[PDB]
Amino acid sequence: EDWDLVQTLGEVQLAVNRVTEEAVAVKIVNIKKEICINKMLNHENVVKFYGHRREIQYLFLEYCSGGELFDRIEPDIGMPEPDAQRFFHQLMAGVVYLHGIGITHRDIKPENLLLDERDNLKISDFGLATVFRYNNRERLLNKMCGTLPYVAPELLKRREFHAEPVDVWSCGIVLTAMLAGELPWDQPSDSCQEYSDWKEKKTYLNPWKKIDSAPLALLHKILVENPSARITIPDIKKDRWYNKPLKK
Ligand SMILES: N#Cc1cnc(Nc2cc(NCC3CCNCC3)ncn2)cn1
Ligand SMILES: N#Cc1cnc(Nc2cc(NCC3CCNCC3)ncn2)cn1
């Protein structure tokens, strides 16, 4: 029952059980909603929730000893393509799970993708998450949420938008970062030159130039401005690169 707070992780601290030496990440601090959503979650690519205690609120979450995805990405380089595909497969498994229970994360980015001791990816931090489907009825979102370089263009231009294509978009930005070690634009607006260049298909420029034609073809289907025309996850699962055997 007793835990030693060993060190700050980033507040979030590492706790180690006095008896078992099992480790847990303790988050100290909307929060009521974060707990409610966490209580719903159980999937191998989602950070585990062990429970909470009110004292200051404590959330007891999975300690992922492999660190954050951010740290497997070499600036301006990315990571080996087979590694990126594996992480991407795991990301999709996690997102499919969340969307299946009607939850959208709304802030997918490498800082929120942690790695366990076997480098299995875990989606982390449900502080911005919300319900988008309940009793089989979808509700459109309208709140501004996320992180600009990862946010889908419809959030900036539309009053309401579907939740699922927004998470799909951010996963595409994550994939870009894994494959090129750089983010494509400050934000997806017409005022953003890099974004305009993408819309005009200038893929001879960075970061696209660094990306092989197969994963780039997938990115062409994900980073589509019209969310209604944007590829869905069941179709990502049928993508050629997605299903390409890769070996380091
Ligand atoms: N600090 C602190 C703290 C952490 N977990 C608490 N409750 C738990 C903890 C827990 N941990 C079990 C796993 C077992 C495998 N290794 C990581 C921990 N399972 C269920 N409830 C209570 N207080
Ligand atoms: N919300 C939330 C959350 C934060 N850290 C968790 N576990 C960690 C966290 C960690 N480093 C601190 C994180 C690193 C990513 N940005 C937020 C703080 N290292 C190992 N395991 C689990 N859930």
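Method information in the entry identifies X-ray crystallography as the source of the structure, with 1.81 Å recorded as the resolution.

Our focus in this paragraph is the site of ligand 1. Lining the immediate environment of ligand 1, one finds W3, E22, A23, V26, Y50, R53 and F60. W3 places a side-chain nitrogen or oxygen 3.5 Å from a nitrogen atom of ligand 1. For ligand 1, the protein covers 66% of the area, taking 530 Å² as the surface of the free molecule. Listing elements by their share of the shell around ligand 1, those giving two or more residues are strand 3 (23-28) and strand 4 (49-54). Considering only residue class, the shell around ligand 1 consists of five nonpolar, no polar and two charged.

Turning our attention to the domain arrangement of the protein. You can read the domains of the protein as domain 1 (1-74) and domain 2 (75-248). Look at where the C-alpha atoms of domain 1 and domain 2 centre, and you get two points 25 Å apart. Across the contact, 25 residues belong to domain 1 and 34 residues belong to domain 2. Buried surface at the junction of domain 1 and domain 2, summed over both partners, amounts to about 2,600 Å²; 61% is from carbon and sulfur atoms. By the criterion of area lost to domain 2, the three top residues of domain 1 are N45, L69 and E74, representing 27% of everything that side buries. Our enumeration of links across domain 1 and domain 2 arrives at three salt bridges. When the shortest N-O distance is used, the salt bridge between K27 and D125 registers 3.5 Å. For the pair domain 1 and domain 2, the interface holds 14 residue pairs in polar contact. Listed by contribution, the elements that provide at least two residues to the side of domain 1 that touches domain 2 are helix 1 (31-38) and strand 6 (67-68). For the side of domain 1 that touches domain 2, the residue count by class is nine nonpolar, eight polar and eight charged.

Among the 15 residues in the neighbourhood of ligand 2, the closest are listed as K27, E62, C64, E68 and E111. Contacts to ligand 2 include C64, whose backbone N or O atom sits 3.0 Å from a nitrogen atom. In the complex, the protein chains occlude 85% of the 500 Å² of accessible area that ligand 2 would expose alone. For the shell around ligand 2, the secondary structure elements donating two or more residues are strand 3 and strand 5 (57-62). Its residues placed into classes, the shell around ligand 2 shows eight nonpolar, one polar and six charged.

To continue, consider the packing of helix 4 (residues 163-180) against helix 6 (residues 213-222). Look at helix 4 against helix 6: their axes get within 9 Å of each other, and the N-to-C directions meet at 155°. If you check the angle between helix 4 and helix 6, you find them roughly antiparallel. In the packing of helix 4 onto helix 6, the handedness of the crossing is left-handed. Contacts between helix 4 and helix 6 involve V168, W169, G172, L175, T176 and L179 on the former and, on the latter, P215, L218, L219 and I222. When its residues are assigned to classes, the contact of helix 4 with helix 6 shows eight nonpolar, two polar and no charged.

Quick look at the pattern of salt bridges now. Summed over the entire model, instances satisfying the criterion amount to 19 salt bridges. Here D2 and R18 are joined by a salt bridge, their closest N and O atoms 3.0 Å apart. Under the relative-accessibility criterion, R18 is labelled exposed at 60%. As a salt-bridge pair, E164 and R133 come within 3.8 Å of each other at their nearest N and O atoms. With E164 in helix 4 and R133 in strand 11 (residues 133-134), the pair connects residues that are 31 residues apart, well separated along the chain. Residues joined by salt bridges that share partners form a network here, namely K27, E34 and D125.

Conventions adopted
Residues numbered from 1 in each chain as written, not as in the entry; some residues may be left out. Chains lettered and ligands numbered in written order. Heavy atoms only, no water. Residues with missing side-chain atoms left out of burial classes, pairs and counts. Near = heavy atom within 4 Å. Polar contact = N/O pair within 3.5 Å; in protein donor to acceptor, adjacent residues only side chain to side chain. Areas by Shrake-Rupley, 256 points an atom, 1.4 Å probe, with all protein chains shown as cover. Helix = DSSP H or I, 4+ residues; strand = E, 2+ residues; numbered from the N terminus. Nonpolar A, V, L, I, M, F, W, Y, C, P; charged D, E, K, R; others polar. Domains from an automatic or database assignment. Contact = heavy atoms within 4.5 Å. Buried area = accessible area lost by both parts, 1.4 Å probe. Salt bridge = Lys/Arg side-chain N within 4 Å of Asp/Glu carboxyl O. Axes fitted to C-alpha atoms, helices over the stretch in contact; angles between N-to-C directions. Parallel < 35°, antiparallel > 145°, perpendicular 65-115°, else oblique. Left-handed = near helix turned anticlockwise from the far one by under 90°. Buried < 20%, exposed > 50% of the residue type's maximum accessible area, 1.4 Å probe, protein only.

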